[PDB]
Amino acid sequence: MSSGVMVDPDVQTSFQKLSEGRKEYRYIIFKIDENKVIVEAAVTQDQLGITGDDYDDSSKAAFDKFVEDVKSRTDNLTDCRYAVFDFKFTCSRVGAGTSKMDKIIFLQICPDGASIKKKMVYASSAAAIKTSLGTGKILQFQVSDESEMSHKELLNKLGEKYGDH
């Protein structure tokens, strides 16, 4: 655990082209390998067959089936990774109605009933990945089940944070 998790330089690079580039399009898939964070994929959903925007376009249907794929490919729930999406949802404006809002979230998945050794490495990673990005303003939530990382909950979390909770 006290191994000293570091980040692969390309991690920050992938965050640049999102934050100051595509904004809400094409996301970053990065896991822990050995003892440092690796970029597995810098892929959008709109290049694989979907259109892109979670609620704005209603591409959330993609996220709805993805949670099943998660339990299908990873057997039980032994998956752990870092996933960052700038997802475009709609916030309920107090005094008004629906208002489209786009912003970035840190998805940290830490299953309690998962492989503690490699999983606890992700706990060390939380410090490294955030410090390397120095965002200062982010919503970094800790989920463990597929249903917690579903599109409805994602919208809910990023809404309740400064909205109705």
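Here the numbering of residues is sequential along each chain, from 1 in written sequence order, and it may depart from the entry's numbering. Residues without coordinates do not appear. The side-chain quantities take in all heavy atoms of the structure and omit both hydrogens and water.

We now examine the overall build of the chain. Along the backbone of the chain there are four helices and six strands. Only DSSP runs of H or I with at least four residues qualify as helices, and only runs of E with at least two residues qualify as strands; both kinds are numbered from the N terminus onward. Helices and strands in the chain line up, N terminus first, as β-α-β-β-α-β-β-α-β-α. Relative to the 2.2 N^0.38 estimate, which gives 15 Å for 165 residues, the radius of gyration of the chain is 16 Å and therefore close to what a compact globule would have. Counting all 165 residues of the chain, 38% fall into the buried class. The globule rule used here is 2.2 Å times the number of residues to the 0.38 power, and the radius of gyration it is set against is calculated over C-alpha atoms. When a residue's accessible area, from a 1.4 Å probe over protein chains only, is under 20% of the maximum for its type it is buried; when over 50% it is exposed; and in between it is partly exposed.

With that out of the way, let us pick up the side chain of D79. Inspection of the secondary structure assignment puts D79 in the loop between α2 (60-73) and β4 (82-92). Throughout this description, a polar contact denotes any pair of N or O atoms lying within 3.5 Å of each other; where both atoms belong to protein, one of them has to be capable of donating a hydrogen while the other can accept it, and for residues adjacent in sequence the pair is counted only when both atoms sit in side chains. Side chain to side chain, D79 and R81 meet in a polar contact 2.7 Å long. In this structure, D79 is in contact with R73, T74, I109 and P111, ignoring residues within four places of it in sequence. Throughout, a residue-residue contact means that at least one pair of heavy atoms, one from each residue, lies within 4.5 Å.

A separate point is the environment of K157. Mapped onto the elements of the fold, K157 is located in helix α4 (residues 151-160). When the C-alpha positions of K157 and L139 are compared, they lie 8.3 Å apart, and in sequence the two are 18 residues distant.

Moving on, we get to the layout of surface pockets. Put plainly, a pocket is an open set of points on a 1 Å grid over the protein atoms alone with protein on both sides within 12 Å along at least five of seven lines, a cavity is a set where a 1.4 Å probe fits but cannot get out, and a lining residue has an atom within 4 Å of a point. Grid points are joined across faces, edges and corners, and a volume is the space filled by probe spheres set on the points. Each pocket or cavity is described by its volume, and for the largest pocket that value is around 450 Å³. Lining the largest pocket are 18 residues; nearest its centre among them are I29, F66, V70, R81 and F85. Only β2 (28-33) and α2 provide two or more residues apiece to the lining of the largest pocket. No other element matches α2, which puts six residues into the lining of the largest pocket.

It is worth spelling out the packing of aromatic side chains at this point. For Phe, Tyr and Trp, rings pair up if their centres lie within 6.5 Å, where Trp contributes its six-membered ring, and each pair is then called stacked (planes under 30 degrees apart), edge-to-face (over 60) or tilted (otherwise). Within this structure, the stated rule accounts for eight aromatic pairs. Measuring from ring centre to ring centre gives 6.0 Å for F63 and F85, while their planes differ by 85°; the resulting arrangement is edge-to-face. Of this pair, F63 sits in helix α2 while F85 sits in strand β4, and the two are 22 residues apart along the sequence. When sorted by exposure, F63 lands in the same class as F85, which is buried. Ring centres of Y82 and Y122 lie 5.8 Å apart, and the angle between their planes is 35°; on these two criteria the pair is classed as tilted. Of the two residues, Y82 is situated in strand β4 and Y122 in helix α3 (residues 116-133); the sequence distance between them amounts to 40 residues. On the basis of relative accessible area, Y82 is assigned to the buried category, the value being 0%. Site record: aromatic cluster; members linked through ring pairs are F15, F30, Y82, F106 and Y122. Across from the ring centre of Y55, 5.7 Å away, lies the NZ or CZ of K60, which sits over that ring. Placement of a charge over a ring requires the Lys NZ or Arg CZ to be within 6 Å of the ring centre, with the centre-to-atom vector within 35 degrees of the ring normal.

Attention now goes to the pattern of salt bridges. Note on definitions: salt bridges are taken to be side-chain nitrogens of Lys or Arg within 4 Å of carboxyl oxygens of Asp or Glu. Tallied over the full model, the rule gives 14 salt bridges. Here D56 and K100 are joined by a salt bridge, their closest N and O atoms 2.6 Å apart. On the criterion of sequence distance, the pair formed by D56 in the loop between β3 (36-41) and α2 and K100 in strand β5 (residues 98-109) is long-range, its members being 44 residues apart. Residue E146 is joined to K71 by a salt bridge in which the shortest nitrogen-to-oxygen separation is 2.8 Å. With a gap of 75 residues between them, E146 in the loop between β6 (139-143) and α4 and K71 in helix α2 connect regions that are remote in the sequence. A relative accessible area of 17% places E146 in the buried class. Given the relative accessible area of 33%, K71 is considered partly exposed. Among the charged side chains, a network of salt bridges with common partners joins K23, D86, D102 and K103.

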